[PDB]
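Engineer: Pasting a structure below so you can have a look.
Here the Cβ positions follow ideal geometry from the backbone for every residue, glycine too, while neighbour counts run over all protein chains shown. Computed from the coordinates by the stated procedures, all read-outs in this text should not be read as laboratory data.
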Amino acid sequence: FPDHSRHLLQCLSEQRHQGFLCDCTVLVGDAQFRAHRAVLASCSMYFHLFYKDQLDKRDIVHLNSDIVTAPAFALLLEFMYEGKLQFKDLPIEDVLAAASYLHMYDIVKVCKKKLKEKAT
Amino acid sequence: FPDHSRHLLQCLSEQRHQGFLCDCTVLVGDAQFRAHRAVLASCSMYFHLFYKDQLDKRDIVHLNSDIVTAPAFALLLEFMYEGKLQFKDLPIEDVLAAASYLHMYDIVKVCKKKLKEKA
């Protein structure tokens, strides 16, 4: 039963990496990520607000945020479909910035505090 | 992190019970079920083939199968987000029939056969 949930999550991650049934296509910078709108909504509160504004039959065709690192955005999308304590070598500054812009899980910023405990 | 995956599955199931971002609306009998198309596609390979056929023509799923018990379909969607060998006192016959028509996980029909053999 729980292994079924993990396997359904993996299959949905494969469908998001291939592009099958992508209700939304979010592209902040030159790069373009496309996936289901409900996925980004359940993952990020900013996408949830976009879905609340899109309830009035708007088109989730695209979306752009300034000074939100696109590599960090891709890493955050992957982290929505992946595990915890994932540093992955990106700058914590842009990481916290993107996490806030997407209204992502606060634990990311908590890990940011851990980064502040890593240099002294 | 993985408990987060199970909880995200539960949250997506709550969103599917509410109806947010329903790319398809499947109604077999008198009842009408609405949820995300990608959910049914990831759940069932028959839905995957229907999605491959429907990719060229964005339509509402409105899929209907004769002699496929709609309560069994609702129980199948809910248990698809639940698992854990749920029987729900419904006749195993219609359950196995719908599961076979949908090409659901073989474990469903296997547990049906095990229950039919325990009697």
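Engineer: Against the longest alpha carbon principal axis of chain A, how many degrees, from 0 to 90 and to the nearest 10, is the axis of helix A:92-101 turned?
Structural biologist: 40 degrees
Engineer: Please compute the average number of Cβ atoms from other chains found within 10 Å of each residue's Cβ in peptide B:19-26.
Structural biologist: On the way: counts 0, 9, 13, 2, 6, 1, 0, 0.
Mean partner shielding for this stretch: 4.
Engineer: Using only the alpha-carbon atoms of the protein assembly as shown, report the extent along each of the three principal axes, biggest first, to the nearest angstrom.
Structural biologist: In descending order, the Cα extents are 68, 40, 25 Å.
Engineer: P(r) for chain B, please, calculated from all Cα pair distances in 5 Å bins and given in %.
Structural biologist: 2, 10, 20, 23, 20, 14, 7, 3, 1, 0
Engineer: Then there is this: Write out the trypsin sites (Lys or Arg not before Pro) in the stretch A:56-120 meeting two conditions: DSSP loop, and at most 16 other Cβ atoms within 10 Å of their Cβ. Spell out each step's value before the answer.
Structural biologist: Values: sites: A:57, A:58, A:84, A:88, A:109, A:112, A:113, A:114, A:116, A:118; in loops: A:57, A:58, A:84, A:88, A:118.
When the trypsin sites (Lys or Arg not before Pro) of the stretch A:56-120 are filtered for loop state and at most 16 Cβ neighbours within 10 Å, A:57, A:58, A:84, A:88, A:118 remain.
Engineer: So, one more: Taking each residue in A:8-17, count the Cβ atoms of any other chain within 10 Å of its Cβ, then average. What number comes out? All intermediate terms of the calculation are to be shown ahead of the outcome.
Structural biologist: Working: counts 9, 8, 2, 5, 9, 2, 1, 5, 1, 0.
So the per-residue partner count for this stretch is 4.
Engineer: Could you go through the stretch A:9-16 in sequence order and give the Karplus-derived ³J(HN,Hα) for each residue, using 6.51 cos²θ - 1.76 cosθ + 1.60 with θ = phi - 60°, rounded to whole Hz, and x for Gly and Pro?
Structural biologist: Each residue's phi maps through the Karplus curve to give 4, 5, 5, 5, 5, 5, 5, 6 Hz.
Engineer: While we're here: Just from its helices, what would the mean residue ellipticity at 222 nm be for chain A, if runs of 4 or more DSSP H residues each count -39500 (n - 2.57) and the sum is divided by every residue, rounded to the nearest 500 deg cm²/dmol? Mind dumping the intermediate values first?
Structural biologist: Numbers: 6 runs with 65 residues, N = 120.
Result for chain A, helices only: -16500 deg cm²/dmol.
Engineer: Taking θ as phi - 60°, what are the ³J(HN,Hα) couplings along the stretch B:82-87 by the Karplus curve (6.51, -1.76, 1.60), each to the nearest whole Hz, with x for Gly and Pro?
Structural biologist: 10, x, 6, 6, 8, 10
Engineer: Taking amide H atoms as placed 1.01 Å from N in the peptide plane, list the residues 5 or more away in sequence, or in a different chain, whose amide H sits under 5 Å from that of residue B:35.
Structural biologist: B:24, B:26
Engineer: Here is a further query. Estimate the FRET efficiency between residue A:62 and residue B:34 by the formula 1/(1 + (r/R0)^6), using the beta-carbon distance for r and 30 Å for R0, to the nearest 0.05.
Structural biologist: Numbers: r = 25 Å, r/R0 = 0.85.
For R0 = 30 Å, the calculated efficiency reads 0.75.
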